[PDB]
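These protein sequence lines map, in sequence, to chains A, B and C.
Numbered according to the UniProt record's numbering, the first sequence spans residues 2 to 48, 56 to 72, 85 to 226, 239 to 368, 385 to 391, 414 to 562.
Numbered according to the UniProt record's numbering, the second sequence spans residues 2 to 48, 56 to 72, 85 to 226, 239 to 368, 385 to 391, 414 to 562.
Numbered according to the UniProt record's numbering, the third sequence spans residues 2 to 48, 56 to 72, 85 to 226, 239 to 368, 385 to 391, 414 to 562.
The beta-carbon is built from N, C-alpha and C at its ideal position, and this holds for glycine as well.
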Amino acid sequence: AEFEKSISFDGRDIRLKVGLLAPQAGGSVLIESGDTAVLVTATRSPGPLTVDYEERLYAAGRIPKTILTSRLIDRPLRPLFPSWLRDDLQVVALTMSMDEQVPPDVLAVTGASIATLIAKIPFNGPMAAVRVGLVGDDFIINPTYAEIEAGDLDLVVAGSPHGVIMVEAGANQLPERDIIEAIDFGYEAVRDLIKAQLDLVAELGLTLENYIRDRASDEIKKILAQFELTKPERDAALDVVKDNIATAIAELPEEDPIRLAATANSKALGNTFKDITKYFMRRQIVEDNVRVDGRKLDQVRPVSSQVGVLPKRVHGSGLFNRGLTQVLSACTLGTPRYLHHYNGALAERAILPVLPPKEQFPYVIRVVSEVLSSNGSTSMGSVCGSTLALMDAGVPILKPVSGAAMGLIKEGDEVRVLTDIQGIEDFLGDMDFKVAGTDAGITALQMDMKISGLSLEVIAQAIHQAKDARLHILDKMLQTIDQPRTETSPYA
Amino acid sequence: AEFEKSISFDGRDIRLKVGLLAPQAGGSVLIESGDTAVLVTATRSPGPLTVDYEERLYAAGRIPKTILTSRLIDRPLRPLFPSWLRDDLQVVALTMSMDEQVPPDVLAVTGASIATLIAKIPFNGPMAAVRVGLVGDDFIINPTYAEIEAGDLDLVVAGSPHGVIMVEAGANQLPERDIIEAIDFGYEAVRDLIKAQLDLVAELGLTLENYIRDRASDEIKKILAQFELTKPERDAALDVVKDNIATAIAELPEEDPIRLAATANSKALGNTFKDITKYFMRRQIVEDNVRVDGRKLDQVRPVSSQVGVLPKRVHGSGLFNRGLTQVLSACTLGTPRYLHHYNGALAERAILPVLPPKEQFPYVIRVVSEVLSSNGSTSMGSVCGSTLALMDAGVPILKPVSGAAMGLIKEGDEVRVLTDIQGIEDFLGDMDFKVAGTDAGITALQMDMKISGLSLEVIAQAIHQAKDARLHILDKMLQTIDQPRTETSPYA
Amino acid sequence: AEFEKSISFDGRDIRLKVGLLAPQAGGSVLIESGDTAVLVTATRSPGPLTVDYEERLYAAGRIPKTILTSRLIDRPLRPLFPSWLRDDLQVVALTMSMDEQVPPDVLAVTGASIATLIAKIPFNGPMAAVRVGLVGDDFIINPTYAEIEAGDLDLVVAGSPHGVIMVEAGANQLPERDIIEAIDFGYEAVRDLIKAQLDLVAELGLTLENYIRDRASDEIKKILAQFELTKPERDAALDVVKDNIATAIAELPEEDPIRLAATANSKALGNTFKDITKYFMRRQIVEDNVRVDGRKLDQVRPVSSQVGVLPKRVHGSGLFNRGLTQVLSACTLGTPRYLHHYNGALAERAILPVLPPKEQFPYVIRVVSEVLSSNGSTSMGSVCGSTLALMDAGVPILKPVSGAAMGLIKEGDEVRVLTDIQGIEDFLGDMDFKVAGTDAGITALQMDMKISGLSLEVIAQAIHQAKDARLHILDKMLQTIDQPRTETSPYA
Ligand SMILES: [Mg+2]
Ligand SMILES: [Mg+2]
Ligand SMILES: [Mg+2]
């Protein structure tokens with residue numbers, strides 16, 4: 002049966018209703034704030057985490085960006101479930117009323133944790149998320165739409181007992197110190213929601241691996257230590273290692289036990305393989321101070337760039353290289385905006423603050439980032455190329471924008487922060503942290519983790535190390551083009 | 002080569018053309034009435057019944085609801101094929117000319133049977149379907165569009181030698197007696213089309241189970257007899273029974289014959305399991321007079337309901353419960385209609423007759439039924455919640471509408487009619503019969519069967535028993551709200 | 002790193018850029034002509057040929085037929101790869117700038133070959149394609165859009181060292197001799213692009241079968257020699273042969289080697305089966321002068337046709353039969385064009423030249439070809455039926471259009487040309503060659519090959535033999551309707 006609980010929370014009460022709706026779900030709540038309401042259920046099934061968010065139109069008046089809010093719920097949820105879970109986990113979040121003030125998206129993130137705790141599914145939570153804006157000089161928790169439209173900051177922080185799990189931000193060239201303060205200010209309200217989820221819990225009363245390891249470990253060390261090897265080559269080399277192991281398992285007959293224990297898991301080969309590769313890259317990074325391609329922990333990959341790659345029809349052309357990550361940006365100017389597709415939100419969030427006001431430049435601006443090769447932050451290459459293409463097209467942008475992605479190896483007390491991560495530094499690492507911006511401050515953020523979280527102290531260090539990467543990449547794209555062209559394209 | 006046959010049929014001749022089109026199909030006919038023509042083919046392939061209906065736009069003038089007509093053909097076809105058929109059966113129906121009088125949908129249903137008989141595929145037919153309308157006090161077979169738009173009744177009856185297989189109706193608060201008479205009047209024209217399909221046939225010249245049964249039967253009795261068990265629990269209990277049987281089959285080695293006879297059918301476990309559960313629920317119902325949750329054969333599940341579940345932005349809110357079936361209806365009012389989605415046709419067919427005339431209420435009315443839990447007629451919960459939400463929104467409806475679904479166990483001479491069926495009463499039963507309406511009469515019908523049909527006499531009894539369910543559910547939703555609110559929403 | 006190469010080519014230089022873009026691709030080039038640029042990559046992966061073409065909108069000005089250009093690249097590529105290739109082959113072609121003169125489609129075809137050679141994937145190339153138009157009396161290689169819109173011819177020729185692999189044409193009732201000359205003129209520029217791809221290559225420095245054969249061969253001869261057997265029957269007969277072979281392989285236990293060599297390839301049964309059937313149909317055709325249904329190598333299947341199959345609402349009705357290939361065409365006339389769908415491009419390419427000028431006939435013309443049975447050229451049946459339906463609707467077309475598909479068996483020095491091919495003559499043959507047109511000349515072409523190519527000399531013979539088929543089919547559709555009706559439909 003139904004139970005309300007109110008939580009006093011920065012002026013806007015957050016109300017939870019359990020026992021009201023979806024009685025066949027593992028756990029459920031109507032989480033409500035003001036007059037915004039979203040229903041969040043969670044169900045473990047025999048079988056793996058599907059999160060569907062719906063924004064109903066009757067919630068505001070029905071007449072004849086949801087996938088982003090789908091990922092916003094999923095990202096901080098995923099790495100809190102134990103890794104050995106193989107049952108199906110269905111999370112549904114339907115927004116059923118929009119108050120013209122309260123945005124529902126952070127409400128659904130918090131409800132997802134609440135609903136998983138009521139379904140008493142093992143996970144290392146609870147988690148919560150808040151939004152932080154900035155009006156004048158005042159940070160504000162869960163601002164309305166009005167402050168989002170008027171203010172200088174729009175960031176989401178999700179955390180848990182073990183720290184911050186997700187950040188997602190737009191900002192108007194905010195300095196690192198204020199971004200760090202906003203993150204910290206918002207993680208403290210996350211903790212206030214962690215408590216009172218813990219209060220709700222109290223209230224309502226809630239063989240083969242060794243085989244592979246021994247055969248393959250000393251082989252993986254050496255590929256990981258071969259710094260002259262490019263990413264394609266090291267991928268073809270680690271594949272051959274795994275292939276010979278498969279051949280050895282195939283050679284022995286059905287009589288051996290591990291062949292049956294391996295035909296009982298047609299994938300364990302890959303999982304243990306990656307886990308051995310993860311371990312040896314990590315020890316390579318923590319004790320030795322070198323990454324898998326020989327670079328220092330602060331070193332940025334070699335950067336290349338050019339302008340006007342395409343004919344002057346394409347109003348703006350820009351090619352960017354970071355190692356084997358390649359992006360070609362194309363700029364179109366039109367008539368009666386500002387948008388950008390990625391074959414996207416992160417880079418238009420990162421470009422917008424420097425786009426000139428309608429008064430000066432009345433074209434509608436259209437940027438397409440063709441990702442032609444991927445090895446790290448293709449979304450940061452998309453930002454960098456976008457700026458180049460806008461400068462080739464004569465768009466009088468305030469400042470050029472650049473960005474890089476940081477990584478993290480966290481081996482106990484040992485913590486290392488990587489700049490401009492290789493793909494497998496992202497796959498076998500603990501953090502994917504994109505930061506974009508200008509000479510003056512930050513414009514866009516995006517953090518994903520595969521562990522239960524990080525302290526704010528380590529986030530501050532990654533944000534400081536990433537300004538150096540952004541500075542180095544930007545101060546070397548200006549050797550391709552230092553100003554926007556004074557004139558536009560004859561076909562613009 | 003081509004052959005015509007005309008059938009004299011209530012004023013409108015029905016013409017069939019065989020040997021004309023689709024010469025690689027098992028069987029085919031252009032069935033035509035007036036100047037409406039639809040081509041219906043049927044092909045058995047080695048491999056399971058796919059029915060695709062297409063309504064071409066050149067049929068009426070091509071310029072730059086078909087899935088419902090797809091189901092209308094499929095539903096009365098499916099349960100006439102023997103259950104042991106595993107070959108692929110492709111039925112295609114293309115409407116190739118619309119006469120502005122004759123609706124083609126019932127033509128395609130009849131052709132589907134004709135085409136299956138020519139392909140000489142085993143099935144317990146023939147079947148046919150007709151439409152019945154009512155103009156003034158005159159029932160009429162296969163009315164035009166004009167009578168459908170003007171009249172008081174729009175029902176489809178499909179039958180076969182063994183009785184009626186499908187009904188689908190809209191009506192304007194018609195009393196049960198007239199609905200029963202229309203069904204009977206239309207089944208008699210169905211029989212007139214059964215004959216003359218039989219005339220066409222004459223013219224053209226057309239080990240493991242016992243193992244599972246013995247291990248599991250006395251176990252299934254007891255779960256089925258445990259009335260205090262909720263539906264989730266009894267589902268988790270019957271699963272454990274099947275799981276232990278799987279474990280026992282896995283325990284014995286490849287040496288036993290049934291393990292190979294079971295690895296020859298990776299599903300027979302479930303089929304025999306369900307067949308044992310079907311048998312014991314049925315004997316539970318016929319000899320004992322009790323259902324699986326302890327209810328009498330006329331008993332309706334406990335009903336709950338409330339109004340204004342959502343904030344007053346949502347112009348109308350209504351939550352309905354029947355056992356573990358839960359529906360939340362939401363009402364939106366707008367400006368320059386009447387429609388309803390289901391996450414739909416049956417409930418707008420059932421609400422429409424009480425919607426006020428434009429003169430009084432000029433808003434466009436929009437209802438969304440969120441099905442939050444399913445255990446029986448979620449479409450009838452959708453009707454009930456819709457009425458509640460319309461009453462919360464101040465829509466001055468003529469009368470409130472409610473509905474329930476009836477079921478049938480037919481064990482030979484023994485026939486039992488269930489009210490407000492549980493899911494497995496629908497899965498392991500012989501009939502799913504939805505009836506909706508008001509204090510005065512019926513508004514909407516929908517019948518599906520998994521057997522070859524029922525006599526009209528049993529249909530009359532299910533329709534009478536269902537008025538009692540509708541009455542009980544309605545007379546207990548008025549204890550939540552007895553009148554529409556005199557005023558609308560401040561945000562309407 | 003990046004390398005340009007220019008190729009002097011009929012006035013319009015073709016420039017190639019390698020080492021510039023997509024550095025993780027097997028091979029890549031920006032191929033450019035004038036200011037049209039398309040990027041073409043090619044990658045072999047462990048696993056089968058996927059070709060994706062994209063036409064970006066920024067290439068011309070981006071604002072808020086590609087599948088045909090996808091097939092145009094794929095068709096001449098496919099049969100140049102060795103048949104024993106099982107690795108994945110990804111070909112991507114992005115058009116990144118449209119010059120208002122140069123059409124990019126033939127550029128991507130040529131780049132696909134260039135990119136495969138740089139990825140040094142085994143294939144029997146290189147290939148190239150060009151477009152040929154006709155302005156006045158001047159053939160022109162790779163015309164602009166202006167000549168395409170104004171001229172009389174629009175054909176694509178793709179070839180390789182072994183001959184022509186693909187043709188695709190629209191034309192205004194061009195005589196066979198000029199079509200043959202255009203093909204030959206364009207294949208010579210294809211050879212000029214073959215060379216200078218060879219110059220680039222030089223520059224940059226680039239048991240079970242016998243079992244099945246012995247069991248089944250003398251059985252397949254006899255089904256193939258049974259001329260009174262219809263296509264369905266011979267398909268059911270060859271299936272039984274393969275089924276008994278499967279039974280024999282199943283009868284023997286795991287002890288035999290071929291059962292394990294056959295459970296190592298769960299498809300080799302079909303492949304060897306088809307390969308035996310291919311061989312014996314081919315020897316049936318080359319030494320004996322008879323096809324599998326008893327027809328001569330120039331014989332057209334029996335043709336049937338009728339007009340007004342549907343009610344006079346359907347402004348035009350036409351049913352065409354060639355053997356078991358059946359098409360029903362339907363004609364709609366409207367108001368403020386000329387298009388045709390196929391349930414399409416080839417038949418509107420083939421009808422357009424005889425459609426009357428706006429001055430005389432101002433309706434918008436809409437033709438739908440329902441393919442009701444397939445055994446050969448359903449697209450040529452679509453042309454023939456379209457003409458019939460246009461004549462039933464009173465459209466005053468200049469001349470009626472008809473067409474047929476030719477085939478080829480090429481057994482070494484032995485070369486046989488088939489008219490109006492059966493399905494398996496297309497599956498087990500070397501060529502599918504559709505030609506459509508009128509009394510005066512040709513209107514539409516489409517050639518596919520599964521071998522590395524044919525000499526122009528054999529193409530000239532197939533084009534001459536196909537005029538006879540078109541003539542015979544047309545001069546026998548006029549015995550159904552010899553003129554368009556002087557008046558239109560009462561419902562037109
Ligand atoms: Mg990532
Ligand atoms: Mg049902
Ligand atoms: Mg073909």
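Rounded distance between the beta-carbons of residue j and residue i, thought under 8 Å
i, j, result
"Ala43 (chain A)", "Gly69 (chain A)", "Incorrect: roughly 29 Å between the Cβ atoms, too far for contact."
"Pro195 (chain A)", "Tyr165 (chain A)", "About 25 Å; that fails the 8 Å criterion."
"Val187 (chain B)", "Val150 (chain B)", "About 11 Å; that fails the 8 Å criterion."
"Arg385 (chain A)", "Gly464 (chain A)", "So it is not a contact: roughly 17 Å between Cβ atoms."
"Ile8 (chain C)", "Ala216 (chain C)", "5 Å"
Best match in the options for proximity to residue i [C-alpha to C-alpha]
i, options, result
"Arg333 (chain A)", "A:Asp275, A:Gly451, A:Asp483", "A:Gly451"
"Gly225 (chain C)", "C:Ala139, C:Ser7, C:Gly340", "C:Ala139"
"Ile421 (chain A)", "A:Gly190, A:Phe101, A:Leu175, A:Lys504", "A:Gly190"
"residue 379 (chain C)", "C:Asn445, C:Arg151, C:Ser180", "Gap in chain C between 368 and 385; residue 379 (chain C) lies inside it and carries no coordinates."
"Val437 (chain B)", "B:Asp483, B:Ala417, B:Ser447", "B:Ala417"
"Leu31 (chain C)", "C:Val441, C:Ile15, C:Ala532", "C:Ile15"
"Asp11 (chain C)", "C:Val19, C:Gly35, C:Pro24, C:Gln25", "C:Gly35"
"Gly156 (chain B)", "B:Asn192, B:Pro181, B:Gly523", "B:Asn192"
"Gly302 (chain A)", "A:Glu251, A:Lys274, A:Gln549", "A:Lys274"
"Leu173 (chain C)", "C:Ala209, C:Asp158, C:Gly183", "C:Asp158"
"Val152 (chain B)", "B:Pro146, B:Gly145, B:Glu169, B:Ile141", "B:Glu169"
"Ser447 (chain C)", "C:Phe497, C:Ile435, C:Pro432, C:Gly366", "C:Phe497"
"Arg13 (chain C)", "C:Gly20, C:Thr37, C:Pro24, C:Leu22", "C:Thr37"
"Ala282 (chain B)", "B:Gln316, B:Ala514, B:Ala294", "B:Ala294"
Chain C residues whose Cβ lies nearer than 7 Å to that of residue i
i, result
"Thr364 (chain A)", "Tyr66, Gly69, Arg70"
"residue 238 (chain B)", "The model of chain B omits the segment between 226 and 239, and residue 238 (chain B) is among the residues lacking coordinates."
Chain-ordered chain A contacts of residue i [CB-CB under 9 Å]
i, result
"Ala113 (chain C)", "Result: empty, since nearest Cβ-Cβ is about 13 Å, beyond 9 Å."
"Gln331 (chain B)", "Going along chain A, no residue has its Cβ under 9 Å from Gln331 (chain B), so there is no contact; the nearest lies around 20 Å."
"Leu356 (chain B)", "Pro24, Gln25"
"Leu360 (chain B)", "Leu22, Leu40, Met116"
Under 7 Å from the C-beta of residue i: neighbouring residues of chain B
i, result
"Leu31 (chain C)", "None at all; the shortest Cβ gap to chain B is about 37 Å."
Neighbour list for residue i in chain A, Cβ cutoff strictly below 7 Å
i, result
"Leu468 (chain B)", "Result: empty, since nearest Cβ-Cβ is about 24 Å, beyond 7 Å."
Query - Any 3 or more C-beta pairs closer than 8 Å across the segment 423-434 of chain C and the segment 100-117 of chain B - result: no
**Report entry** Residues from the segment 252-285 of chain B in contact with chain A, defined by Cβ distance under 7 Å
**Finding:** Correct list: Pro264.
**Report entry** the segment 113-145 of chain C: positions lying closer than 8 Å to chain A by Cβ
**Finding:** Along the segment 113-145 of chain C, the positions whose C-beta sits under 8 Å from a C-beta of chain A are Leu114, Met116, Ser117, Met118, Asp119, read in chain order.
Query raised in the report: Going along the segment 434-446 of chain C in order, which residues come within less than 9 Å of chain B, judged by CB to CB distance?
Result: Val434, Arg436, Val437, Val438, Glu440, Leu442, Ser443, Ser444, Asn445
Query raised in the report: According to a CB-to-CB cut-off of less than 7 Å, which residues of the segment 331-347 of chain A neighbour chain C?
Result: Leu342, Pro343, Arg345, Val346
Query raised in the report: Is it true that the segment 491-499 of chain A meets the segment 464-481 of chain A, where meeting means three or more beta-carbon pairs spaced less than 8 Å apart?
Result: A contact is defined here as three or more CB-CB pairs under 8 Å, and the segment 491-499 of chain A meets this definition with respect to the segment 464-481 of chain A.
Report task. State whether the segment 451-460 of chain C contacts the segment 345-360 of chain C, with contact taken as three or more CB pairs (one from each stretch) at a distance under 8 Å. Result -> Taking 8 Å as the limit for Cβ pairs, the verdict is that the segment 345-360 of chain C does touch the segment 451-460 of chain C.
Query raised in the report: Within the chosen definition, does the segment 306-319 of chain A reach the segment 510-530 of chain A through at least 3 CB pairs nearer than 8 Å?
Result: no
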